[PDB]
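Peer 1: Here it is, the structure in full.
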Amino acid sequence: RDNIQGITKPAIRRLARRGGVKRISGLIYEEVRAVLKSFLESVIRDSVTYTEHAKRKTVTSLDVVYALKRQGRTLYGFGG
Amino acid sequence: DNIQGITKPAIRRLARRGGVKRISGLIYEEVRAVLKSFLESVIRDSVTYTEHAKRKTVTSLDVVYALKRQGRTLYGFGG
Amino acid sequence: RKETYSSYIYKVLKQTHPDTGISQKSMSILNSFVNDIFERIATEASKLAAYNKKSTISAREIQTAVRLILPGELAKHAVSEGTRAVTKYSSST
Amino acid sequence: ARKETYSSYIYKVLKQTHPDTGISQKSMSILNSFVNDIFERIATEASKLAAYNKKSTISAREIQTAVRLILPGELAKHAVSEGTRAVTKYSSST
Amino acid sequence: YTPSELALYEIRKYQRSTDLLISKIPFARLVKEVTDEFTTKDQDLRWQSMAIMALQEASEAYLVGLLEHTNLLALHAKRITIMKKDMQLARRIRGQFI
Amino acid sequence: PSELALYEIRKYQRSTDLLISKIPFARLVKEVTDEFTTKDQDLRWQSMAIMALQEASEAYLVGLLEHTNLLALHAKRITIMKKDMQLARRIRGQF
Amino acid sequence: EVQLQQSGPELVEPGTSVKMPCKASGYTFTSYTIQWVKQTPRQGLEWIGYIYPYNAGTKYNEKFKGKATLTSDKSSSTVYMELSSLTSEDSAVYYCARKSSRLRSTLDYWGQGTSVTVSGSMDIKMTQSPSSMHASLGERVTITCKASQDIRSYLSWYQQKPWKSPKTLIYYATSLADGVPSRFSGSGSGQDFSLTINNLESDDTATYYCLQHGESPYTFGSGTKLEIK
Amino acid sequence: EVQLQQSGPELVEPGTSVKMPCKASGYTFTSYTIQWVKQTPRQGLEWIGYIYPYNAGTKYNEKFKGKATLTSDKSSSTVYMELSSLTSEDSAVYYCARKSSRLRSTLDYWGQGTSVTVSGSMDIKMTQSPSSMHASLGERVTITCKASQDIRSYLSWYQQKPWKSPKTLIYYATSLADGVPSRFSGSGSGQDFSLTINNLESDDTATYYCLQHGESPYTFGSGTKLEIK
Amino acid sequence: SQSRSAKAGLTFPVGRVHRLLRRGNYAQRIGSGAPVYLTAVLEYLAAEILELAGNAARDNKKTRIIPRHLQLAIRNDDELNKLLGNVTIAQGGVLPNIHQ
Amino acid sequence: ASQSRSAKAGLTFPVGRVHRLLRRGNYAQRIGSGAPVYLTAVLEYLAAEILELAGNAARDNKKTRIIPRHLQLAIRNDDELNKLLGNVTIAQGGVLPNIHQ
DNA sequence: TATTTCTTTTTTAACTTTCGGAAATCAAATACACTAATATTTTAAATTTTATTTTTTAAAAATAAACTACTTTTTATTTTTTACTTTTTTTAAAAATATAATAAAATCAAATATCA
DNA sequence: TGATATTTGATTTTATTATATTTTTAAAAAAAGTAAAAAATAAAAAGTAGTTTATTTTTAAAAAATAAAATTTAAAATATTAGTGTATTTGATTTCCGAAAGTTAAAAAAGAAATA
């Protein structure tokens, strides 16, 4: 259906199992979806600004790293 | 002691400004420890800045720069 | 001599509220604000230029820096206010 | 030299501590990013230190004081010891 | 085994692994949907594969950290069920609304 | 009692004064400075530097206590306890 | 994009309370205030008040102090408006409109509006001189909005078609709104402001309003009907 | 300005377990490991193990596994070592010493020590060449500690006066420990290292140990007791 | 000799911003029209902050702007709290808030 | 003969390239001759420390290759290295095996 | 305590040309993200029971707050000595700049081993 | 056992090093004026101590809410080839801005100044 629904409930259960969670309320899944959407919106806005400044029509892996570094979340392993 | 100079009423006043309705008894020593650790970090950076400039006095600008180094920017004293 | 924005902040205020005043400490606060925002935008513009193998800061670097630093409608109004100034100055010069 | 990396020197440094141990491509990319990140951190702090004191030169002392601010605890002590020893060897040759 | 035992086994299993837990194709579709609302005037933006991979790595790291803090808040109130009310509180004590 | 606490909360949020005394804080800052430099070099402290450091310290303490109070209400309490402050510090992530 | 979804028409007896939902989608709820406006034939457009969902802070037009009450629910991105003790004149159409917190901003997007049907000297007087005018299919038009006291540039221009929610044309007295044809142009500052339609069209038939937001109660214009032959 | 306070001497019969603390003050408690060392006259100094307060991670010597257990309490800033199933040979002096997590740093501060009395092939063996030597004042003295296997530069020199805690002289085989007169010098790499005392003094009478921390079990030297006549 | 700021229609100085950009180690060459843009943006931000602070000062029957008015103006609206999220304003107090 | 500056100071990392990156990086008008050598020594020390910790981590798994998991284990298991890299994500690093009742 | 007018009075900013350099600009060869089809399987969704946990109520316990009355500090006023920051001059020392000639480090495949 | 992924040796474009020279900073040395500290002293608020009350946190149990398991269809992600049309990147040329002295004129920060 919707693209947010593509983040299936088993995936969120796996993500919580990595975080050390034993039990999960039923209302968590929509909240996790909202949190992911907000994070993606911020980072993608910054990344698209970086891409459009360079007069490019593709978003390279360096724009994402620069956007994440702006938001204060440095990411090693993809350049920069 | 100099840490005991930060008295119980002062901590209660700070808590009221935070909106706290009633304070446990073990909070006061924990607040003293938290304040002391904050001071150690900020004063370490400030003293490093002061000694770089070959000065014997800590100016109002050294504290501001030490604060800004840690993402705790302060307006009203320069910079 | 200590350079400050105080002389300009006084005249900018007089346009909005011709009677209110600014105390010394609140003017120090506003001066620090202006310096801080200048530093932020200039640093982001320099990073933008360095990222793109360019050796000059232009109005486009500053525009993109404003769009990255300022949030939302606040950024939208600063772009239009800054574009009006570059246009009028260019025509006069 | 179209693309410049530190990978040639990280191999040499690793081939001293662990002659047998190798390193993957992703790990080398991570270490390249780490070295670039720390370089830009210390250089930025040194530039600010020179700006605050109305000096136009980044000397060895600006770099020392920048290392002391960025690196925490016992990293700063050993890093200052390592840097001070390299400048002494460089100057003794010249 | 028992439901309590299986959760511990799953926790240990998913802490050892380093691979990505969200599927690739749905996340790519979500990224393209989100980017369509920033470039919708007349320009369509493409996405490199490595760009989406970096974005997904960063997103999953952020989500795992947030869920760890949510679990801490759940343990604070003497519960083991993480609820909606302590994800919102973790989201706000950290401050960063990303 | 239950009413007076609200009055103090209302009064101390209106003011902008420094809630910690000045001389004890100056003594504490001069004591802490020794652990970093007291060997042969004793540093001196400008008055305005002390004022700036006090303002920063009190702002940090007030914010941490607000987050602690938010934590106490999460566990359905009115008393803020030590575990609340420790958890708030841990979740904030910076010291 | 941004839409302020609004409920359907409601009929009710006097002495009663009614709630209207104004759902907001396509933007961040807390960044913008929600403004409520009522439209009648007798009084034109009146501004009721606003709520700021970020801190839940409200401001009320003194004529509606008590009759209108705003609450906001951050969970469902909706703002509710309560009219109490309904009276014969409380019958009108009620729009919810989005305004940013920035001072230069105007009421950007409006809601469809609910039709509710029942069965203060220091205001800024907004004098719209041409009450109506007939024009052909491509000459130019000028509409004047004078203000009693000085409002610097916080004046925006609105076009409202028959049986439709208004549309923003100008804001800050010179700036062009988004997605607005370049022929529309506004000017003026201080006391006297003007709007101009350069190339008249078939789709330019509507009532044109001037709105000021420099002072505490926002006072709309008086209206201007323009028929094109 | 760091002190690792340790409890007083305690005498136990065989079979009753003992708990000894390491109260640490003057430093950030979580950033440094706490190392535990046993000293006897039959074998000399031996390394039991360490605890890392930051993650409560432990590592033990092969001999002492099952005979020692390390715990930490961050709230009280205390590290305990507990011995179980005691024997008359457990009678010794147990020092608690701090070592930073840095690979290069050594056991830089030692506790006062607590004295209790009860009433490996692949480990590198470090060999000190002079077991004892006499030297007048102002003469050069050299001590050699060879290594069974290769250690790059991880070797430190310790001076222990009679019935006192050891003092750190040189770490990383060349670097002078903080607060140590420049008369002391270190040299060597690989398997051959040396300690040199340039100008002897009245109080330079003590035993001098070489300690290597290159491999998993840390092994002290045999000992070399300088004497001055 | 018309000044650059008056030529652009601003109050804040364009020449001083050009001098601060060149001597600040930002780029090798600072193309013109960048001081104009930055000066316009700086003037806009300062004017917005000042106008909100003055509006807060008038509502308190005060004829002067004190740090508390500035703190109120910044914390009372979004997009200015976000811009100044990490900033402590001296003598500014805290925002009045109580919990249930 | 010509001796490289890194060989002159006894380093593996490049002193000349660090000098060049400082000159074109817009940090200061002038760059002293001692700054590249200091910075190169610090960078080499930090890289060697992390590499050797990661190698020790790799050995304990009976592994010869270093993968990002070993770097993540090396940094997160250390306190000062964790403070230095407090807000840093490492691709494919996972999370520490941390469970608490 | 701010807010002025005046007066300085150095100190910047504005103007003018002369050139060196960087940025805009087509054009071309190419790398590559995006579709379509397929299919084999891995994963996810849905119903239903049950088994674990969270919420509510009632008593018991721990513990903070509120007076009340005294001490212990702080705070404000002068004040003197003492160290420390700031300003000028110069002169020794160090970095910028240019130009060949050198020495190193990306690239491209190969050779066998390596690891997981 | 298997075979994608890492370790290696030779070509070659490209920095790195070296050598004179000129400028320029930054490190002494002598004043000269702030500005922090350490005493002395009473007003004057602020903190400490103690007991009792009155408020809340904690505990144990029973009713309730709800999430994890177990199957069992059903939907969809992986992987692999196929074409295609787009957009990225690299090289040569006119255009065009920005730098670099030298200079002249504004303009902005300090100061005793009047009134506010």
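Labels used: A, B, ... for chains in the order of the structure tokens, numbers from 1 for residues in each chain, and numbers from 1 for ligands as shown.
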Residues near residue 99 (chain J), anyone? I mean within 9 Å using only C-alpha atoms (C1' of nucleotides), not counting same-chain ones fewer than 6 positions away, as a list in words.
Peer 2: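 What passes the distance filter is residues 19 and 20 of chain A; 11 and 12 of chain E.
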Peer 1: Let me see the file: selected residues, C-alpha atoms, as an mmCIF file, in the first residue's frame.
Peer 2:
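Below is the file that was written, part-v3.cif:
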data_model
loop_
_atom_site.group_PDB
_atom_site.id
_atom_site.type_symbol
_atom_site.label_atom_id
_atom_site.label_comp_id
_atom_site.auth_asym_id
_atom_site.auth_seq_id
_atom_site.Cartn_x
_atom_site.Cartn_y
_atom_site.Cartn_z
ATOM 1 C CA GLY A 19 18.101 -2.427 20.936
ATOM 2 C CA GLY A 20 17.524 -4.885 23.777
ATOM 3 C CA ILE E 11 18.217 -10.178 21.417
ATOM 4 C CA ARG E 12 21.541 -12.024 21.442
#
Peer 1: Find the spatial neighbours of residue 71 (chain D), counting only C-alpha atoms (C1' of nucleotides), within a cut-off of 10 Å - ignore same-chain residues fewer than 3 positions away - and output them as a ChimeraX atom specification.
Peer 2: /D:38,42,66-68,74-77,79-80 /J:46,80-81,83-84
Peer 1: Could you write out chain H as a JSON list (two decimals) with C-alpha atoms, in the first residue's frame once it has been least-squares superposed on chain G using every ordered C-alpha pair?
Peer 2:
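Output below, filename part.json:
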[["chain", "number", "residue", "atom", "x", "y", "z"],
["H", 1, "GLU", "CA", 0.69, 21.14, -1.09],
["H", 2, "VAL", "CA", -1.07, 22.05, 2.17],
["H", 3, "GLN", "CA", -4.79, 21.57, 2.78],
["H", 4, "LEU", "CA", -6.82, 22.66, 5.81],
["H", 5, "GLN", "CA", -9.78, 20.27, 5.74],
["H", 6, "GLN", "CA", -12.95, 21.64, 7.32],
["H", 7, "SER", "CA", -16.23, 20.00, 8.28],
["H", 8, "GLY", "CA", -19.51, 20.21, 6.40],
["H", 9, "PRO", "CA", -22.40, 22.61, 6.96],
["H", 10, "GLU", "CA", -24.42, 22.24, 10.16],
["H", 11, "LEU", "CA", -27.65, 23.94, 11.22],
["H", 12, "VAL", "CA", -28.36, 24.53, 14.91],
["H", 13, "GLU", "CA", -31.12, 26.11, 16.97],
["H", 14, "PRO", "CA", -30.24, 29.02, 19.28],
["H", 15, "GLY", "CA", -28.44, 27.99, 22.44],
["H", 16, "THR", "CA", -26.68, 24.78, 21.32],
["H", 17, "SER", "CA", -22.93, 25.17, 20.92],
["H", 18, "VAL", "CA", -21.00, 24.18, 17.77],
["H", 19, "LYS", "CA", -17.49, 22.76, 17.39],
["H", 20, "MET", "CA", -15.65, 23.06, 14.05],
["H", 21, "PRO", "CA", -12.26, 21.55, 13.22],
["H", 22, "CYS", "CA", -9.20, 22.58, 11.21],
["H", 23, "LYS", "CA", -7.50, 19.39, 10.06],
["H", 24, "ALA", "CA", -4.07, 20.43, 8.79],
["H", 25, "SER", "CA", -1.83, 18.30, 6.60],
["H", 26, "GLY", "CA", 1.22, 18.90, 4.43],
["H", 27, "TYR", "CA", 3.31, 21.01, 6.82],
["H", 28, "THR", "CA", 4.88, 21.02, 10.27],
["H", 29, "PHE", "CA", 1.82, 21.66, 12.40],
["H", 30, "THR", "CA", 3.52, 23.50, 15.26],
["H", 31, "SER", "CA", 5.34, 26.16, 13.25],
["H", 32, "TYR", "CA", 2.25, 28.01, 11.98],
["H", 33, "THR", "CA", -0.65, 29.69, 13.74],
["H", 34, "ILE", "CA", -4.25, 28.96, 12.76],
["H", 35, "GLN", "CA", -6.42, 32.02, 12.09],
["H", 36, "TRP", "CA", -10.22, 32.07, 12.20],
["H", 37, "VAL", "CA", -12.25, 34.42, 10.00],
["H", 38, "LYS", "CA", -16.00, 35.12, 9.78],
["H", 39, "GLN", "CA", -17.70, 36.21, 6.56],
["H", 40, "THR", "CA", -21.21, 37.69, 6.42],
["H", 41, "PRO", "CA", -23.02, 39.83, 3.84],
["H", 42, "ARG", "CA", -23.99, 42.41, 6.47],
["H", 43, "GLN", "CA", -20.42, 43.29, 7.48],
["H", 44, "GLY", "CA", -18.09, 41.22, 5.30],
["H", 45, "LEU", "CA", -14.96, 39.56, 6.60],
["H", 46, "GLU", "CA", -13.93, 39.76, 10.26],
["H", 47, "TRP", "CA", -11.02, 38.32, 12.24],
["H", 48, "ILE", "CA", -11.99, 36.25, 15.28],
["H", 49, "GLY", "CA", -8.62, 35.13, 16.61],
["H", 50, "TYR", "CA", -5.79, 32.65, 16.30],
["H", 51, "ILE", "CA", -4.20, 29.74, 18.15],
["H", 52, "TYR", "CA", -0.51, 28.89, 18.10],
["H", 53, "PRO", "CA", -0.16, 25.10, 18.39],
["H", 54, "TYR", "CA", 3.49, 25.25, 19.43],
["H", 55, "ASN", "CA", 2.74, 26.81, 22.83],
["H", 56, "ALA", "CA", -1.09, 26.68, 22.75],
["H", 57, "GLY", "CA", -1.18, 30.48, 22.88],
["H", 58, "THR", "CA", -4.32, 32.33, 21.80],
["H", 59, "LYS", "CA", -5.33, 35.87, 20.90],
["H", 60, "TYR", "CA", -8.88, 37.04, 20.21],
["H", 61, "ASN", "CA", -10.73, 39.94, 18.66],
["H", 62, "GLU", "CA", -12.36, 42.29, 21.14],
["H", 63, "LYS", "CA", -15.85, 41.63, 19.77],
["H", 64, "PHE", "CA", -15.60, 37.83, 19.84],
["H", 65, "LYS", "CA", -14.05, 37.41, 23.30],
["H", 66, "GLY", "CA", -16.34, 35.13, 25.29],
["H", 67, "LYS", "CA", -18.14, 33.97, 22.14],
["H", 68, "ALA", "CA", -15.30, 31.89, 20.64],
["H", 69, "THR", "CA", -12.81, 29.52, 22.26],
["H", 70, "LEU", "CA", -9.82, 28.01, 20.47],
["H", 71, "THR", "CA", -8.27, 24.62, 21.27],
["H", 72, "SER", "CA", -5.66, 22.42, 19.62],
["H", 73, "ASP", "CA", -4.74, 18.73, 19.72],
["H", 74, "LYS", "CA", -1.21, 18.03, 18.49],
["H", 75, "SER", "CA", -1.70, 14.25, 18.45],
["H", 76, "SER", "CA", -4.63, 14.51, 16.03],
["H", 77, "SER", "CA", -3.19, 17.61, 14.29],
["H", 78, "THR", "CA", -6.54, 19.35, 14.73],
["H", 79, "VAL", "CA", -7.63, 22.82, 15.84],
["H", 80, "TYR", "CA", -11.21, 23.37, 17.02],
["H", 81, "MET", "CA", -13.17, 26.60, 17.34],
["H", 82, "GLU", "CA", -16.19, 26.49, 19.64],
["H", 83, "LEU", "CA", -19.04, 29.02, 19.71],
["H", 84, "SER", "CA", -21.34, 29.33, 22.72],
["H", 85, "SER", "CA", -24.54, 31.27, 23.44],
["H", 86, "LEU", "CA", -25.53, 31.39, 19.79],
["H", 87, "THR", "CA", -27.83, 33.93, 18.15],
["H", 88, "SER", "CA", -29.48, 34.14, 14.73],
["H", 89, "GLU", "CA", -26.72, 36.57, 13.75],
["H", 90, "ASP", "CA", -24.08, 33.88, 14.36],
["H", 91, "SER", "CA", -25.16, 32.51, 10.98],
["H", 92, "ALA", "CA", -22.13, 32.86, 8.71],
["H", 93, "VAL", "CA", -19.24, 31.05, 7.00],
["H", 94, "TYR", "CA", -16.23, 30.44, 9.24],
["H", 95, "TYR", "CA", -12.87, 29.94, 7.52],
["H", 96, "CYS", "CA", -9.80, 28.50, 9.22],
["H", 97, "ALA", "CA", -6.56, 29.80, 7.67],
["H", 98, "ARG", "CA", -2.90, 29.31, 8.53],
["H", 99, "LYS", "CA", -0.43, 32.15, 9.10],
["H", 100, "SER", "CA", 3.25, 31.73, 9.89],
["H", 101, "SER", "CA", 4.73, 33.21, 13.05],
["H", 102, "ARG", "CA", 6.80, 35.52, 10.84],
["H", 103, "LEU", "CA", 5.77, 39.15, 11.32],
["H", 104, "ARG", "CA", 5.78, 39.67, 7.55],
["H", 105, "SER", "CA", 3.93, 36.56, 6.37],
["H", 106, "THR", "CA", 0.18, 36.65, 5.72],
["H", 107, "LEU", "CA", -2.83, 34.32, 5.95],
["H", 108, "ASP", "CA", -1.43, 32.28, 3.11],
["H", 109, "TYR", "CA", -3.68, 29.19, 2.94],
["H", 110, "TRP", "CA", -7.42, 29.12, 3.64],
["H", 111, "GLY", "CA", -9.71, 26.23, 4.48],
["H", 112, "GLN", "CA", -12.65, 25.13, 2.37],
["H", 113, "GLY", "CA", -14.94, 26.84, 4.86],
["H", 114, "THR", "CA", -17.95, 25.58, 6.79],
["H", 115, "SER", "CA", -21.33, 27.31, 6.66],
["H", 116, "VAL", "CA", -23.54, 27.36, 9.76],
["H", 117, "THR", "CA", -26.90, 29.06, 10.28],
["H", 118, "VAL", "CA", -28.90, 29.58, 13.45],
["H", 119, "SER", "CA", -32.64, 29.12, 13.02],
["H", 120, "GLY", "CA", -14.41, 49.06, 18.56],
["H", 121, "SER", "CA", -13.12, 52.59, 18.08],
["H", 122, "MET", "CA", -9.33, 52.33, 18.00],
["H", 123, "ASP", "CA", -9.34, 49.48, 15.48],
["H", 124, "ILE", "CA", -7.99, 50.60, 12.12],
["H", 125, "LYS", "CA", -10.72, 50.92, 9.51],
["H", 126, "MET", "CA", -9.47, 50.13, 6.01],
["H", 127, "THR", "CA", -11.28, 51.95, 3.21],
["H", 128, "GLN", "CA", -11.48, 50.65, -0.36],
["H", 129, "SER", "CA", -12.11, 53.41, -2.87],
["H", 130, "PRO", "CA", -14.03, 51.62, -5.69],
["H", 131, "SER", "CA", -16.92, 49.59, -4.30],
["H", 132, "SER", "CA", -17.43, 48.16, -7.81],
["H", 133, "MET", "CA", -16.01, 48.81, -11.26],
["H", 134, "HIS", "CA", -16.45, 47.46, -14.79],
["H", 135, "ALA", "CA", -13.49, 46.97, -17.13],
["H", 136, "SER", "CA", -12.94, 45.27, -20.48],
["H", 137, "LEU", "CA", -10.31, 42.63, -21.14],
["H", 138, "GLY", "CA", -6.70, 43.75, -21.35],
["H", 139, "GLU", "CA", -7.14, 47.05, -19.47],
["H", 140, "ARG", "CA", -5.36, 48.32, -16.36],
["H", 141, "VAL", "CA", -7.40, 48.25, -13.15],
["H", 142, "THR", "CA", -6.41, 49.88, -9.85],
["H", 143, "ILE", "CA", -7.85, 49.48, -6.34],
["H", 144, "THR", "CA", -7.02, 51.73, -3.38],
["H", 145, "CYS", "CA", -7.17, 50.72, 0.31],
["H", 146, "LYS", "CA", -6.45, 53.66, 2.62],
["H", 147, "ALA", "CA", -5.67, 53.12, 6.31],
["H", 148, "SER", "CA", -6.98, 54.90, 9.41],
["H", 149, "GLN", "CA", -3.55, 54.69, 11.08],
["H", 150, "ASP", "CA", -0.02, 53.97, 9.91],
["H", 151, "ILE", "CA", 0.87, 50.40, 9.00],
["H", 152, "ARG", "CA", 4.42, 50.09, 7.72],
["H", 153, "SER", "CA", 4.07, 47.49, 4.97],
["H", 154, "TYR", "CA", 1.81, 44.86, 6.57],
["H", 155, "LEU", "CA", -1.01, 44.74, 4.05],
["H", 156, "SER", "CA", -2.11, 41.83, 1.88],
["H", 157, "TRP", "CA", -4.51, 41.56, -1.05],
["H", 158, "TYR", "CA", -7.03, 38.73, -1.32],
["H", 159, "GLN", "CA", -9.19, 37.55, -4.22],
["H", 160, "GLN", "CA", -12.37, 35.66, -3.32],
["H", 161, "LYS", "CA", -14.57, 34.17, -6.02],
["H", 162, "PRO", "CA", -18.29, 33.70, -5.26],
["H", 163, "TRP", "CA", -18.83, 30.91, -2.70],
["H", 164, "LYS", "CA", -15.15, 29.94, -2.58],
["H", 165, "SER", "CA", -12.33, 30.42, -0.11],
["H", 166, "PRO", "CA", -10.18, 33.54, -0.64],
["H", 167, "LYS", "CA", -6.92, 33.33, -2.58],
["H", 168, "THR", "CA", -3.81, 35.22, -1.49],
["H", 169, "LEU", "CA", -2.35, 37.55, -4.13],
["H", 170, "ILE", "CA", 0.23, 39.86, -2.50],
["H", 171, "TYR", "CA", 1.71, 39.98, 1.00],
["H", 172, "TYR", "CA", 3.87, 42.70, 2.59],
["H", 173, "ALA", "CA", 2.18, 45.11, 0.08],
["H", 174, "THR", "CA", 4.63, 44.35, -2.76],
["H", 175, "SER", "CA", 5.69, 40.71, -2.63],
["H", 176, "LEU", "CA", 3.81, 38.38, -4.96],
["H", 177, "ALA", "CA", 2.24, 35.36, -3.29],
["H", 178, "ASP", "CA", 3.59, 32.03, -4.49],
["H", 179, "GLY", "CA", 1.80, 30.63, -7.52],
["H", 180, "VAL", "CA", 0.27, 33.94, -8.62],
["H", 181, "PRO", "CA", 0.62, 35.29, -12.18],
["H", 182, "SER", "CA", 2.91, 38.30, -12.47],
["H", 183, "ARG", "CA", 0.06, 40.41, -13.88],
["H", 184, "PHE", "CA", -0.87, 41.36, -10.31],
["H", 185, "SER", "CA", 1.17, 44.13, -8.70],
["H", 186, "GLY", "CA", 1.06, 45.94, -5.38],
["H", 187, "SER", "CA", 2.38, 49.30, -4.23],
["H", 188, "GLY", "CA", 2.41, 51.80, -1.42],
["H", 189, "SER", "CA", 3.47, 52.20, 2.19],
["H", 190, "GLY", "CA", 2.21, 54.01, 5.25],
["H", 191, "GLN", "CA", -1.49, 54.62, 4.71],
["H", 192, "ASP", "CA", -1.88, 54.52, 0.90],
["H", 193, "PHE", "CA", -1.72, 51.14, -0.84],
["H", 194, "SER", "CA", -2.95, 49.97, -4.23],
["H", 195, "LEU", "CA", -3.67, 46.80, -6.19],
["H", 196, "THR", "CA", -3.14, 46.78, -9.95],
["H", 197, "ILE", "CA", -4.35, 44.13, -12.41],
["H", 198, "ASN", "CA", -2.60, 44.61, -15.74],
["H", 199, "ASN", "CA", -4.18, 42.15, -18.19],
["H", 200, "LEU", "CA", -7.70, 41.15, -17.23],
["H", 201, "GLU", "CA", -9.03, 37.71, -18.14],
["H", 202, "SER", "CA", -12.28, 35.77, -18.18],
["H", 203, "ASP", "CA", -11.96, 34.48, -14.61],
["H", 204, "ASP", "CA", -10.72, 37.74, -13.02],
["H", 205, "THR", "CA", -14.27, 38.47, -11.79],
["H", 206, "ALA", "CA", -14.17, 38.40, -7.99],
["H", 207, "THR", "CA", -14.16, 40.54, -4.86],
["H", 208, "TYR", "CA", -10.81, 41.94, -3.77],
["H", 209, "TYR", "CA", -10.03, 42.60, -0.09],
["H", 210, "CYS", "CA", -7.22, 44.47, 1.64],
["H", 211, "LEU", "CA", -6.10, 42.97, 4.96],
["H", 212, "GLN", "CA", -3.81, 44.70, 7.45],
["H", 213, "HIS", "CA", -2.02, 42.86, 10.25],
["H", 214, "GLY", "CA", 0.02, 45.77, 11.62],
["H", 215, "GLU", "CA", -1.88, 46.15, 14.89],
["H", 216, "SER", "CA", -3.41, 43.74, 17.37],
["H", 217, "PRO", "CA", -6.85, 43.26, 15.73],
["H", 218, "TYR", "CA", -6.59, 42.46, 12.04],
["H", 219, "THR", "CA", -9.20, 44.28, 9.96],
["H", 220, "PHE", "CA", -10.24, 43.34, 6.44],
["H", 221, "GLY", "CA", -11.25, 45.80, 3.76],
["H", 222, "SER", "CA", -14.73, 46.81, 2.68],
["H", 223, "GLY", "CA", -14.52, 44.85, -0.57],
["H", 224, "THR", "CA", -14.26, 45.58, -4.29],
["H", 225, "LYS", "CA", -16.04, 43.30, -6.75],
["H", 226, "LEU", "CA", -14.46, 43.58, -10.19],
["H", 227, "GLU", "CA", -16.95, 42.91, -12.99],
["H", 228, "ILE", "CA", -16.12, 42.43, -16.67],
["H", 229, "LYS", "CA", -18.46, 43.15, -19.58]]
Peer 1: For region 35-39 of chain F, list every protein, DNA or RNA residue within 9 Å, evaluated using only C-alpha atoms (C1' of nucleotides), and leave out those in the same chain fewer than 6 positions away; present the list as an MDAnalysis selection string.
Peer 2: (chainID B and resid 40 43:44 47:48) or (chainID H and resid 1)
Peer 1: Residues of the last selection are to be written out with N, CA and C atoms, as a CSV table (one decimal), in the first residue's frame.
Peer 2:
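Saved to out.csv:
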chain,number,residue,atom,x,y,z
B,40,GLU,N,34.4,21.2,36.2
B,40,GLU,CA,35.7,20.7,35.8
B,40,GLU,C,35.9,20.7,34.3
B,43,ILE,N,36.1,24.6,33.1
B,43,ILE,CA,37.3,25.2,33.6
B,43,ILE,C,38.6,24.6,33.0
B,44,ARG,N,38.6,23.3,32.7
B,44,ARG,CA,39.8,22.8,32.0
B,44,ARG,C,39.9,23.4,30.7
B,47,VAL,N,41.1,27.1,31.2
B,47,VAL,CA,42.5,27.3,31.6
B,47,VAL,C,43.4,27.0,30.4
B,48,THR,N,43.1,26.0,29.6
B,48,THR,CA,43.9,25.8,28.4
B,48,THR,C,43.9,27.0,27.5
H,1,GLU,N,48.4,13.5,42.1
H,1,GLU,CA,47.4,13.8,43.1
H,1,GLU,C,46.3,12.7,43.1
Peer 1: One decimal, Å: what's the distance from CA of residue 29 (chain D) over to CA of residue 40 (chain J), could you say?
Peer 2: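 According to the coordinates, CA of residue 29 (chain D) and CA of residue 40 (chain J) are separated by 19.0 Å.
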Peer 1: Write down, as a VMD selection string, each residue of chain J that has any atom within 10 Å of an atom of chain K, counting only C-alpha atoms (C1' of nucleotides).
Peer 2: chain J and resid 1 to 4 30 to 33 63 to 65
Peer 1: Find the spatial neighbours of region 70-79 of chain B, counting only C-alpha atoms (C1' of nucleotides), within a cut-off of 8 Å - ignore same-chain residues fewer than 3 positions away - and output them as a count of residues only.
Peer 2: 23
Peer 1: With only C-alpha atoms (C1' of nucleotides) counted and 9 Å as the cut-off, give the residues of chain I in contact with chain L, each with its shortest interatomic distance in Å and the pair that gives it, as a tab-separated table.
Peer 2:
residue	atom	partner	partner_atom	distance
I:1	CA	L:105	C1'	8.0
I:29	CA	L:98	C1'	7.2
I:30	CA	L:98	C1'	7.9
I:31	CA	L:98	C1'	6.5
I:32	CA	L:98	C1'	8.0
